[PDB]
Amino acid sequence: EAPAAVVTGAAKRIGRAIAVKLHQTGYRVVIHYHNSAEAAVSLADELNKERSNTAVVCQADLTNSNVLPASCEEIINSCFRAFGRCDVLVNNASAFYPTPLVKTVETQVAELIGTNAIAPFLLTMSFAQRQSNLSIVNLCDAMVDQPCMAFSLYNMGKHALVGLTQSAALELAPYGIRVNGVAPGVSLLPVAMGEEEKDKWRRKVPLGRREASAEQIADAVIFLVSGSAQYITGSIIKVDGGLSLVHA
Amino acid sequence: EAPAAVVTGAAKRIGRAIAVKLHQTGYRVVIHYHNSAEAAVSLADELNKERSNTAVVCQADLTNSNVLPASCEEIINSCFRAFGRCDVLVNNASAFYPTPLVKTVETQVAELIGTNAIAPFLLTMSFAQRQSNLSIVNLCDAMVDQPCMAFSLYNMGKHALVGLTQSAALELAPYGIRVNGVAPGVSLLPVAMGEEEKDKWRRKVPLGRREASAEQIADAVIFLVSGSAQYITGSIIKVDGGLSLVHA
Amino acid sequence: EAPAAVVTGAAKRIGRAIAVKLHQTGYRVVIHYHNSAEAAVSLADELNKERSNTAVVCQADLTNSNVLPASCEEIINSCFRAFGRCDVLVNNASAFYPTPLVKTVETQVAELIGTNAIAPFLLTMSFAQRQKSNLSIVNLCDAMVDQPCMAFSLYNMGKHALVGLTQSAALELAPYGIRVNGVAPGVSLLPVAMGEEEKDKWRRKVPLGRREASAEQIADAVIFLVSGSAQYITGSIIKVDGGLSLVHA
Amino acid sequence: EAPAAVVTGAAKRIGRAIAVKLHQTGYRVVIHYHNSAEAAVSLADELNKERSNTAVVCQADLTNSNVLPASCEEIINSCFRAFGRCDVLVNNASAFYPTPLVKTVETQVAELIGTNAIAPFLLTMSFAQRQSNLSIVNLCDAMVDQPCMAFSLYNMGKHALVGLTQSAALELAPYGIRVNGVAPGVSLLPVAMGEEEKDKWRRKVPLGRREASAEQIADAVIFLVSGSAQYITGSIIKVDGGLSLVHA
Ligand SMILES: NC(=O)c1ccc[n+]([C@@H]2O[C@H](COP(=O)([O-])OP(=O)(O)OC[C@H]3O[C@@H](n4cnc5c(N)ncnc54)[C@H](OP(=O)(O)O)[C@@H]3O)[C@@H](O)[C@H]2O)c1
Ligand SMILES: NC(=O)c1ccc[n+]([C@@H]2O[C@H](COP(=O)([O-])OP(=O)(O)OC[C@H]3O[C@@H](n4cnc5c(N)ncnc54)[C@H](OP(=O)(O)O)[C@@H]3O)[C@@H](O)[C@H]2O)c1
Ligand SMILES: NC(=O)c1ccc[n+]([C@@H]2O[C@H](COP(=O)([O-])OP(=O)(O)OC[C@H]3O[C@@H](n4cnc5c(N)ncnc54)[C@H](OP(=O)(O)O)[C@@H]3O)[C@@H](O)[C@H]2O)c1
Ligand SMILES: NC(=O)c1ccc[n+]([C@@H]2O[C@H](COP(=O)([O-])OP(=O)(O)OC[C@H]3O[C@@H](n4cnc5c(N)ncnc54)[C@H](OP(=O)(O)O)[C@@H]3O)[C@@H](O)[C@H]2O)c1
Ligand SMILES: COC(=O)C1CCN(C(=O)c2ccc(CSc3ccc4nc(N)sc4c3)cc2)CC1
């Protein structure tokens, strides 16, 4: 039978492109979402029309709290209850906003560290405990070492996620589970950003002066879960058109 | 008058060695402690005997919680109240223990991410808000990229701490605040670990097959706070005897 | 029209698996070799039997010297003379042996730094000069460059230089639409010499499967990078190392 | 007697500041130079005026060739001939100019790769072969991962020098020789540069909107050769005011 994948924050944007590309490769997909319920159900419907009983949704808030572990347990459980197996976990869901050093701060920590690092950890624990080509792909950030000003908690979260990628690749390799990352530079710009600001970002990209397409990001996820990456674990592939190489 | 420093987890081992050497260089010091009251006061007594009214203690639990922000504020305020200024923050306090992927998990999160990463971030915000040779030094880990097996939350917390070092260096540079790290390899072994497990580590180190003393760590701290490091920010200095260069 | 690729040191092991998989993908190939003539011809004959006029051989020493620039220009030229285009350059050839700090030393320099770094730079200049489209370069790097083997300083210097080239060439050629990327094996095909008991010390240190990568596993990452699936990727180095580089001493 | 140091390219700018500061710390110095014979002899006169017999000059072209190993051996021999010992090597000499992918290219390679990497290797070999606080410091480049457009051979040379720092720290640590780097960002700008272009670069630096003084670079060199860095090997200290953390 067909393998199954969980993609977090899969209702729109890069998570959607990834669930669709996994679905096109033959996977059954759990579309996780938090607030985007209409967008999630609509995607599951399109995918089920293409092949029936191959897509389900699963709602979960990935903010850190004492119940996050149970919510991450239930996301993985949802894949096993729908499809009988869980081959691939893509940790895509992310909160992203400025937290200047100079919402309560404890809420900012919970959301930016929770969604970007703690939930990927707890999902990776549940995915491994609930156990062919098993892998986890984490959506990292190619500019983690050249951070945007006033985004310390988001940068902290994405650095922690690099640590999780390495530590989990190390500890899960004996179980045959690979863990790798895909690190966009600028890809789909934030919905609220003006065209003028989007073009200042585009102009910085050496390869094409444009942002990555969602499909370009999904291609590298597709590679790392494929049998063409069967010896790759602990690797983070930048998909950034050279942006991280550009000096100030 | 003289400059003042805060050192977190300063009662024992590396934090004590940092407190002593800052004090020897002429700083007044706040010795932070959580459980080690006796040891903290005993250090403050030794320093005040050398120079009166130059060392105070400050109790706080650095576990992440709804009150960590208030505790981190209090640590910084206690330097301002005692000494009228706060020139240096050394984020030294740290929890360390394994968290296998296959104490509640949210308690391990609160300790290993709370004290290793979130408290430094909150201390950094309070230190900056309350503001010269100002600087922060974070105690990082030289082996962050070749992590110990089953130490994924610890490793996540130390990677987050590298993220904080870089983001805070960029964001506070405009205020003349430098932010740097010191990354020990094997230093003072965890007090629990036996002498057979401890000499295995000692034999792997290129430089003299021995752990770093705490004072070797404090030496790099002293350099980074000095007038000799006035253009250095966002740098992490490994002090590991070459251990991180050794392949598997 | 089928695209064309140069693979350096393609007669055997990894560069041979790269040439074959590029050929399977529809590429015409220049099989560069230094001393391995019989193996290079035999590969070109196998590939030509699969599809006529799709493989040629090109002999060249990539040791650093006064003539290396001309040699590297000739390798690139051979691809254009054979196939009328050159889409892909794979810098795979490498010298590799210990150079303790404590052959003359200048020969060691010429061979380790020439093959691992200077020949790739010269081939990259020659490849780009001849273009000015899915054009790309892939450099074979080394996942253990920051945890080097003892007494391999010149080899380690050569492979770090190669990282620099990968990054610098990515930035400088990105306006011509040429992408530059690397693949960094950890332990793959072990040296022909080596006893099984020494090969087993290496295999046992790999977290993922306690075995070395096959040449084909490394070629797979090369194929990905030159493919339309990697169209936005430049300046990136993919480790293909079973988690080896994550393992502390 | 007093320890002795070799500083390559020590006649002008940063190598001169390093030679001065080592001398001020008590070292006798070999001032290596290539073309700047007048400035070298003039610095050695100034040092000897301050303590007689504590400075010599040594002329040598560090371009790669079949006689580079003999020239590097001669630089080390000259320190032994003048002072009877050689405690510290600083690899500071460097060629720097663009080499666009699209003088002969064989000359570009010889000068940029010879001076920045091969000469350091050969000097390191000669230093070690001729042998209580021995150490080598390589002048690296903080921007080596975000290179200047058209500087591939320079950047290749500087990357190689990081490889040399690590490999030689590992292989020489059993002889008690430490090897480390110091990585300027923007420090003394090239003489050839106009003042408008100088200012563009200054405005990029987060800490102060200014270039490093040569003395600030030398300070980090003094630290790595000092008794306070005795457990530090294989480390590279960036001295860049935050420049490498700034995104495009
Ligand atoms: N876009 C880029 O240019 C870029 C650049 C660098 C890195 N990345 C990384 O690439 C990944 C995908 O980027 P993207 O732009 O597609 O992401 P995004 O649109 O910013 O977020 C994707 C989804 O994350 C989920 N999310 C946010 N807060 C959450 C919470 N508290 N609980 C559960 N889910 C939550 C949301 O689901 P709902 O909508 O269902 O609420 C959201 O649609 C992210 O990890 C991102 O950081 C993106
Ligand atoms: N020792 C090494 O070899 C080594 C290796 C790698 C990295 N490091 C880094 O170097 C730094 C100092 O190392 P160390 O071995 O001296 O550290 P440690 O003994 O493990 O802990 C240092 C101090 O941190 C405080 N601490 C722990 N949990 C806390 C909590 N929940 N709240 C408040 N304080 C807490 C303790 O204070 P009280 O005792 O007052 O309760 C303790 O004295 C650490 O940041 C560490 O990660 C050290
Ligand atoms: N095998 C591994 O585990 C491993 C690990 C890390 C990195 N790598 C990298 O992956 C690549 C392929 O590895 P490999 O094991 O297949 O390579 P290899 O067998 O050591 O060398 C590849 C070919 O390099 C060519 N070569 C050597 N010296 C040369 C010179 N002076 N001029 C021209 N060509 C020369 C030889 O061609 P002739 O036979 O025709 O003389 C040789 O067959 C290399 O860049 C290597 O550094 C491999
Ligand atoms: N300055 C900066 O902003 C900056 C930034 C990053 C890194 N760095 C690094 O820091 C170090 C010192 O910087 P700098 O600006 O002082 O250097 P510099 O002025 O460019 O050069 C230092 C000296 O190197 C010597 N040199 C050049 N070609 C040589 C050859 N073929 N043989 C022997 N010596 C040769 C020259 O000696 P003579 O004058 O005697 O001929 C020159 O004075 C360099 O390694 C550099 O790459 C500097
Ligand atoms: C010598 O060639 C020339 O006369 C011109 C001036 C430099 N050019 C530049 O674009 C350019 C690029 C980068 C910097 C950063 S500061 C630095 C970095 C490493 C380094 N390394 C050294 N050895 S000095 C140095 C100085 C300054 C200038 C154009 C060509």
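Neighbour counts are summed over all protein chains in view; Cβ atoms, including those assigned to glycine, are modelled from backbone coordinates with ideal geometry. Every number in this text was worked out from the coordinates using simple rules, so none of it is lab data.
Other chains near C:222-232: what is the mean number of their Cβ atoms within 10 Å of each residue's Cβ? Don't skip to the answer; put the middle values down first.
Numbers: counts 0, 2, 10, 2, 0, 3, 1, 9, 6, 9, 21.
So the per-residue partner count for this stretch is 6.
For segment C:1-147, I need the span (max minus min coordinate) of the C-alpha atoms along each principal axis, in Å, sorted largest to smallest.
Principal-axis extents of segment C:1-147 (Cα, largest first): 53, 32, 28 Å.
Can you give the charge dipole size of chain C about its Cα centre, rounded to the nearest 20 debye, using +1 on the beta carbon of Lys and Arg and -1 on the beta carbon of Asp and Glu?
Working: 22 positive and 22 negative charges, 77 e Å.
Using only the charged Cβ atoms, the result is roughly 360 debye.
Tell me the net charge near A:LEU189. Cut-off is 9 Å between Cβ atoms, A:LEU189 excluded, with +1 for each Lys or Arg and -1 for each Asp or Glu.
My count for the surroundings of A:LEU189 gives 0.
What are the trypsin sites (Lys or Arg not before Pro) within segment D:1-65 that DSSP puts in a loop, where the Cβ has at most 15 other Cβ atoms within 10 Å?
On the way: sites: D:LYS12, D:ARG13, D:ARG16, D:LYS21, D:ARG28, D:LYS49, D:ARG51; in loops: D:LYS12, D:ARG51.
The qualifying sites are D:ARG51.
Give the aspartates and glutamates reachable from D:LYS103 as a straight Cα distance under 19 Å; neighbours fewer than 8 places away on the same chain don't count.
The qualifying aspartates and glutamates are C:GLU73, D:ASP61, D:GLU111.
Rounded if a/c is under 1.5, else prolate if a/b is larger than b/c, else oblate: which is segment B:64-153, with a ≥ b ≥ c the root eigenvalues of its Cα gyration tensor?
Working: a/c = 3.60, a/b = 1.82, b/c = 1.98.
Taking the square roots of the gyration eigenvalues as a ≥ b ≥ c, segment B:64-153 is oblate.
At a Förster radius of 45 Å, what calculated FRET efficiency corresponds to the Cβ-Cβ distance of B:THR25 and D:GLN59, to the nearest 0.05?
Computed FRET efficiency for B:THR25 and D:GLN59: 0.60.
Among B:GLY234, B:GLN108, B:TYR33, pick out the residue whose Cα is farthest towards the positive end of the charge dipole of chain B, where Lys and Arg carry +1 and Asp and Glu carry -1 on C-beta, about the Cα centre.
It is B:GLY234.
Give me the inter-chain shielding for D:59-66: mean count of other chain Cβ atoms within 10 Å, whole number please.
The mean count of partner-chain Cβ atoms within 10 Å per residue comes to 2.
Average partner chain C-beta neighbours within 10 Å, per residue of D:180-193?
Mean partner-chain Cβ count within 10 Å for D:180-193: 1.
Peptides D:182-191, D:84-93: what's the order by average Cβ count within 10 Å, highest mean first?
Those peptides, ordered most packed to least, come out D:84-93, D:182-191.
Taking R0 as 45 Å, what's the FRET efficiency between B:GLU74 and D:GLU50 from their Cβ-Cβ distance, rounded to 0.05? Walk me through the numbers on the way to the answer.
Values: r = 52 Å, r/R0 = 1.15.
FRET efficiency, B:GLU74 to D:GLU50: 0.30.
Tell me what chain A gives for mean residue ellipticity at 222 nm when only DSSP H runs of n ≥ 4 count, each as -39,500 (n - 2.57), the sum divided by the residue total, rounded to 500 deg cm²/dmol. Mind showing how you got there, number by number?
Values: 8 runs with 100 residues, N = 248.
That comes out to -12500 deg cm²/dmol.
Past 21 Å, Cα to Cα: identify those pairs from A:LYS238/C:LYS199; C:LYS21/C:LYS132; D:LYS21/D:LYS49, in the order given.
Pairs exceeding 21 Å: A:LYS238/C:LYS199; C:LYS21/C:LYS132.
When a/c reaches 1.5 or more, the comparison of a/b and b/c decides; with that in mind, is chain D rounded, prolate or oblate per its Cα gyration tensor? Mind showing how you got there, number by number?
On the way: a/c = 1.42, a/b = 1.33, b/c = 1.06.
The shape class here is rounded.
Using a simple charge model, +1 on the beta-carbon of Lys and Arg, -1 on the beta-carbon of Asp and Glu, nothing else, what dipole does the protein assembly as shown show about its Cα centre, in debye to the nearest 20?
160 debye
Does the protein assembly as shown classify as rounded, prolate or oblate by the C-alpha gyration tensor (a ≥ b ≥ c root eigenvalues; a/c under 1.5 gives rounded; else a/b over b/c gives prolate, otherwise oblate)?
Oblate shape, in that a/c is at least 1.5 and b/c is the bigger or equal ratio.
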